[PDB]
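Below: the structure, in structure tokens.
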Amino acid sequence: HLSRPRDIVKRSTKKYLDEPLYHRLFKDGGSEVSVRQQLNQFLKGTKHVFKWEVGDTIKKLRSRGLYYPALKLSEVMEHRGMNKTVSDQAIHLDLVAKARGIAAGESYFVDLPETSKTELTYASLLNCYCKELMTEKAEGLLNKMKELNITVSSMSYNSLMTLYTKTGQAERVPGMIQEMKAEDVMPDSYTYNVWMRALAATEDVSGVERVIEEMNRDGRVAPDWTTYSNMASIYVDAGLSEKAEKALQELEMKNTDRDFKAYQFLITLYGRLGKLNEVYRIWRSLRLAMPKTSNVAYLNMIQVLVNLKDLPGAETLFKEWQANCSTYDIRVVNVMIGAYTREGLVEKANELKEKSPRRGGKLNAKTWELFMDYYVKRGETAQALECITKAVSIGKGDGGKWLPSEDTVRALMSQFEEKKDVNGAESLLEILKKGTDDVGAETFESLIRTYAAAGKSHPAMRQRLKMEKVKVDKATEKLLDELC
RNA sequence: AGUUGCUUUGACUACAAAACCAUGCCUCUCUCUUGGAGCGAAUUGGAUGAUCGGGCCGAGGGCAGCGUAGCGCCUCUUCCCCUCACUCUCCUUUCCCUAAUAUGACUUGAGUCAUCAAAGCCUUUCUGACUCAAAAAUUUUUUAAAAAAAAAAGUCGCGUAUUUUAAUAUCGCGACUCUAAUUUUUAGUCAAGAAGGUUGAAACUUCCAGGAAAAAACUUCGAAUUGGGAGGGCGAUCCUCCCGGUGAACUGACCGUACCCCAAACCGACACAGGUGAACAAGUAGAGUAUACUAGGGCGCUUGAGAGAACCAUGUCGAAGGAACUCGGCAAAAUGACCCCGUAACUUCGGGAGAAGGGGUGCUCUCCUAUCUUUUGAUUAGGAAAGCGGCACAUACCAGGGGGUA
RNA sequence: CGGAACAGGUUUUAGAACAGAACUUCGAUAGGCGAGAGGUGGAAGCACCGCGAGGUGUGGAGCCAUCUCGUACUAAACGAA
Ligand SMILES: [K+]
Ligand SMILES: [K+]
Ligand SMILES: [K+]
Ligand SMILES: [Mg+2]
Ligand SMILES: [Mg+2]
Ligand SMILES: [Mg+2]
Ligand SMILES: [Mg+2]
Ligand SMILES: [Mg+2]
Ligand SMILES: [Mg+2]
Ligand SMILES: [Mg+2]
Ligand SMILES: [Mg+2]
Ligand SMILES: [Mg+2]
Ligand SMILES: [Mg+2]
Ligand SMILES: [Mg+2]
Ligand SMILES: [Mg+2]
Ligand SMILES: [Mg+2]
Ligand SMILES: [Mg+2]
Ligand SMILES: [Mg+2]
Ligand SMILES: [Mg+2]
Ligand SMILES: [Mg+2]
Ligand SMILES: [Mg+2]
Ligand SMILES: [Mg+2]
Ligand SMILES: [Mg+2]
Ligand SMILES: [Mg+2]
Ligand SMILES: [Mg+2]
Ligand SMILES: [Mg+2]
């Protein structure tokens, strides 16, 4: 067409790619490794792409959390002659701050031309400040925008209110609503969502009703499914059931595009509301809308059925998932493992655990966490320490360190007190050294009573000075000084 | 010396949505590319009930030709096909509406902005995935010992009976497809990155005239400083092996650096039209670094105002004639480019030769070919063919006079 | 002839400077403006024909080195010098 002359179907195959770049980079899947491999293969080739094609590929990569390939594509395409606009510079500033850190984003903003330091790049840097939970730099940049007569849109106000709600100072949001209404900046739907979230955060349920009433009477913001999802979440957490039913029915009515996330919200909010038939109806609607249902929807649905005490239905849906899964996700298997171990059916959970790695899903720290929770609840410590070692050695899936919960360690040390197991207590302390460094409160401050079986260790109050000093209770040094 | 490389390559699409609550274990575990559940219609469907009409088969008595069984004729309604209603739970074809199909909704009018080491090779080095390899795990076979090996699911089909009814299961089989698992470790490969160096900066071919030196630098080897370990030692800090041995959040002294440098600053007595290495040097026309014009950068040349005689210098043009000029065609004029045709005497067979002599050349349209067209259903180059304008189409600039004979 | 002749200014049929000749405001000396002659040869704009290069009409069109005529608008006595 004349309005869109750079057609991606009719373009020459000698100069350009045979397929769109946002299809080419996701040819082998949406994983980070495959996308980086496809980007490396594309950048070594001789076929070219459009500017809007690169922009669409960057926006598609941003929506899936692939910030490094988006930043690499933007930088290499800019180095090859694709000149950035101010909007592209704001997008690139956000990409730099997402992939390399906020200091690199500030360095990119400083090195920008002075004519490129406009409302778009200022708003992008403000959003990057608000996402990183830095209130001082966000307030300083907002005051700098107000000083230089740079217009603060509703998006920047929304980012500031989200920062206030996430930090804990949610009382400042209703002041910011009137501040926004003072400068004739009109709210969007997210403004009302974060406003009702902040009003529910200050233990004011009745404030949500005037927000939705004035949104209806505003006449310039059309409600969507996220507004009713926010209302339904507020009503479910507040204990109100009928208003949650009305909000979820409105969410179903407003979900005209059959969004996957809205279906997850519907399934989980009916799951927390306890209505099983509504859960099954939403599941049938989702399976109608998504003929090849992904692992995330099964992971939510089977967990909801387990929570609502429908174990044969959860088993049937798990068997249906097992026969159609392209990737054997371990989280769906962990749902059934937790369901079996919480009900004492350890044989089925052990069968699932011993048959899962051949099916394609290696065990993570959550599987061993469920098993050690079962062993702690049953009272067996030797089998629990093995699962603790397995979960510590596996670690978290995002690269972090896995540690047992405080209550579980407290219960396990209480179990070691009764059987006078000094060796098991020392092994648990060794694992807690291997996991963290502080480990001081109730972990071994009153747990010197485990030593009251046969003798005591050498250092005689010099051991408790090594782990950055721990102070024991006043009733614990009596038997400690008795054995010196 | 000649080739092949070094020789730049792209974008122009207008776009802050990147700000989120449920669950959470890295919650899209990897979603690139799926039409609608419209209270929307028309031919069709049907989960339904009767009436009328038509048509087999069939039923008995018979008129019928046998000792059983007949061929035409005569009374009947089931069963099926239709029709009027009830009707949305299944199928077929199309239309409307809504969704999606990449954002938003004149100045490349011959430009602007980027880029200007890409691609390789060699050392390391962090992290992933796969592969063994190998051992420890269990079964079979062979003689407690040795050899070979599967483990988990989905789909199709066959023969056979167990519930207080989740029998879509349990019993044995034949076939197909998919996955690699408990622990330990090596060696490897790929993948994704981070530090160094190094090549590109030259390679090949041919030729004769046969194309620097240097314990400088570099690679190697030896010995090794003020170091750290492991075994001998009736010893004296001795002997033999191993690692390190120029390493860095050490330090890198001294001298030049202004300014001119085709020039008014250097060599010429001058602020002198002379002389003064190499490197870089955008665009259009062009074979070109020729030549014309040109931005950028630099400069207007350190005497001017008038007048527009002779004469002198340097240029433009010139009737008719065309070397009669003169020592002599001196000077000038002329020729001049590319493509095509054509090219003599003579010759040492290499030449002569661009011999000489001729023709065409602009623009527009349309075909044909190709350009080894990185926007291939329209652009450049070449050729045909038909037209258009002028005195003139190598239109300016640039750019052989030719022949005969001593 | 006797406040004559010069000089100055605008010029030119004259001219190296000088000299000559014309005119010097009750003035056409030069410039300008207007008209005509003369040269060139058919402007622009618009319309029509053609795919196009281009062609046709409006229309001896448009333009102006010179020459003549008209005309004090400017400079020559604007010399209340
Ligand atoms: K110099
Ligand atoms: K020139
Ligand atoms: K003169
Ligand atoms: Mg040496
Ligand atoms: Mg200098
Ligand atoms: Mg001299
Ligand atoms: Mg000099
Ligand atoms: Mg000079
Ligand atoms: Mg030349
Ligand atoms: Mg030149
Ligand atoms: Mg200039
Ligand atoms: Mg001078
Ligand atoms: Mg003269
Ligand atoms: Mg003549
Ligand atoms: Mg003549
Ligand atoms: Mg002649
Ligand atoms: Mg003569
Ligand atoms: Mg003579
Ligand atoms: Mg003579
Ligand atoms: Mg001559
Ligand atoms: Mg000449
Ligand atoms: Mg041509
Ligand atoms: Mg005179
Ligand atoms: Mg006059
Ligand atoms: Mg005439
Ligand atoms: Mg003209």
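In what follows, every heavy atom counts, from backbone to side chain, and hydrogens, waters and symmetry copies are set aside. Just so we're on the same page: letters track the sequence lines, and every chain starts at 1.
Residue-to-nucleotide contacts include no donor-acceptor pair under 3.5 Å from the side chain of A/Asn127 to the base of B/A17. Residue side chain A/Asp329 reaches the base of B/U29 through a donor-acceptor N/O pair under 3.5 Å, judged by distance alone. Residue side chain A/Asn193 does not reach the base of B/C21 through any donor-acceptor N/O pair under 3.5 Å, judged by distance alone. Contact of A/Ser12 with B/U376 (side chain to base): no donor-acceptor pair of N or O atoms is detected under 3.5 Å. Between the side chain of A/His48 and the base of B/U374 there is at least one donor-acceptor pair of N/O atoms closer than 3.5 Å. Looking at A/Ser3, its side chain comes within 3.5 Å of the base of B/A105 through a donor and an acceptor atom. At a cut-off of 3.5 angstrom, counting only N and O atoms as typed in the model, there is a donor on one side and an acceptor on the other between the side-chain of A/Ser229 and the base of B/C21. Between the side chain of A/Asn364 and the base of B/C25, a donor-acceptor pair under 3.5 Å is found. At a cut-off of 3.5 angstrom, the base of B/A16 holds at least one donor-acceptor pair with the side chain of A/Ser153.
Heavy atoms of A/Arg197 sit under 4.0 angstrom from at least one base atom. Among the protein residues, A/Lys319 comes within range of no part of the nucleic acid, since none of its heavy atoms lies under 4.0 Å from any strand.
Remark: ring of A/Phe260 stacked against base of B/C28; centroid gap under 5.5 Å, plane tilt under 30°. The stacking criteria are not both satisfied for A/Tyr22 over the base of B/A102, which would need a centre-to-centre distance under 5.5 angstrom and an angle between ring planes under 30 degrees. Applying the 5.5 angstrom centroid cut-off and the 30 degree plane-angle cut-off, the aromatic ring of A/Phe265 is stacked upon the base of B/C21.
Considering only residues two or more places apart in sequence or on other chains, A/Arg11 meets the side chain to side chain donor-acceptor pair (under 3.5 Å) condition with A/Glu53. When the side chain to side chain contact (heavy atoms under 4.5 Å, CB included) test is applied to A/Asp28, the partners found at least two apart in sequence or on another chain are A/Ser34, A/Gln38. Take A/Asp398 and apply the side chain to side chain donor-acceptor pair (under 3.5 Å) test, not counting sequence neighbours, and it matches no residue. For the side chain to side chain donor-acceptor pair (under 3.5 Å) test, no residue two or more places apart in sequence or in another chain qualifies with A/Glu78.
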Which atom pairs link the protein and nucleotides 178-180 of chain B when you take only N or O atoms and keep those under 3.5 Å?
residue: B/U179; atom: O2'; partner: A/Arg358; partner atom: O; Å: 2.9
residue: B/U179; atom: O2; partner: A/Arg358; partner atom: NE; Å: 3.1
residue: B/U179; atom: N3; partner: A/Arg358; partner atom: NH2; Å: 3.4
residue: B/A180; atom: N1; partner: A/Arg358; partner atom: NH2; Å: 3.1

I'd like a list of close polar pairs between nucleotides 37-39 of chain B and the protein, N/O only, cut-off under 3.5 Å.
residue: B/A37; atom: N6; partner: A/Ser285; partner atom: O; Å: 2.8
residue: B/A37; atom: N6; partner: A/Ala289; partner atom: N; Å: 3.3
residue: B/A37; atom: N1; partner: A/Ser285; partner atom: OG; Å: 2.5

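Contact annotation: A/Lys131 reaches the phosphate of B/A19 (side-chain N/O to OP1 or OP2, under 4.0 Å). Residue A/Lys366 places no side-chain N or O under 4.0 Å from the OP1 or OP2 atom of B/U29. Distances shorter than 4.0 Å separate none of the side-chain N or O atoms of A/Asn300 from OP1 or OP2 on B/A22. An OP1 or OP2 oxygen of B/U112 is reached within less than 4.0 angstrom by no side-chain nitrogen or oxygen of A/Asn83. Dashed line: the shortest gap from a side-chain N or O of A/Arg64 to OP1 or OP2 of B/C30 is not under 4.0 Å.
Checked against B/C30, B/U374, B/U13, the side chain of A/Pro5 finds its nearest nucleotide in B/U13. With B/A17, B/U13, B/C32 as the candidates, the nucleotide lying closest to the side chain of A/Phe26 is B/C32. The side chain of A/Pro291 has B/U34 as its nearest neighbour among B/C21, B/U34, B/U374. Set against B/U29, B/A152, B/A17, the side chain of A/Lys355 has B/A152 as its closest nucleotide.
Residues A/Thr191 and A/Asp188 have side chains that bring a donor and an acceptor to within less than 3.5 angstrom of each other. A/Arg331 and A/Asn295 are not linked by any side-chain donor-acceptor pair at a separation below 3.5 angstrom, with hydrogens and angles left out of the test. Side chain to side chain, A/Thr121 and A/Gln89 fail the donor-acceptor criterion of an N or O pair below 3.5 Å.
For A/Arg6 and A/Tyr16, the positive end is not near the middle of the six-membered ring at less than 6.0 Å and at most 45° from its axis.
Between B/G58 and B/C76 there is a base pair of the Watson-Crick or G-U wobble kind, both of its two distances falling under 3.5 Å. In this structure, B/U361 forms a base pair with B/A337, meeting the Watson-Crick or G-U wobble definition at 3.5 Å. Applying the 3.5 Å cutoff to both bonds, B/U108 and B/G304 do not register as a Watson-Crick or G-U wobble pair.
Atoms CG and CG, on A/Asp310 and A/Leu317 in that order, are 9.5 Å from each other to the nearest 0.5 Å.
Pucker assignment for B/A265 gives south. The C1'-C2'-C3'-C4' angle has a negative sign.
Separating the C1' atom of C/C26 from that of C/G62 is a span of 44 Å, rounded to the nearest Å.
The residues A/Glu278 and A/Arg281 are annotated as salt-bridged, a charged nitrogen and a carboxylate oxygen being separated by less than 4.0 angstrom.
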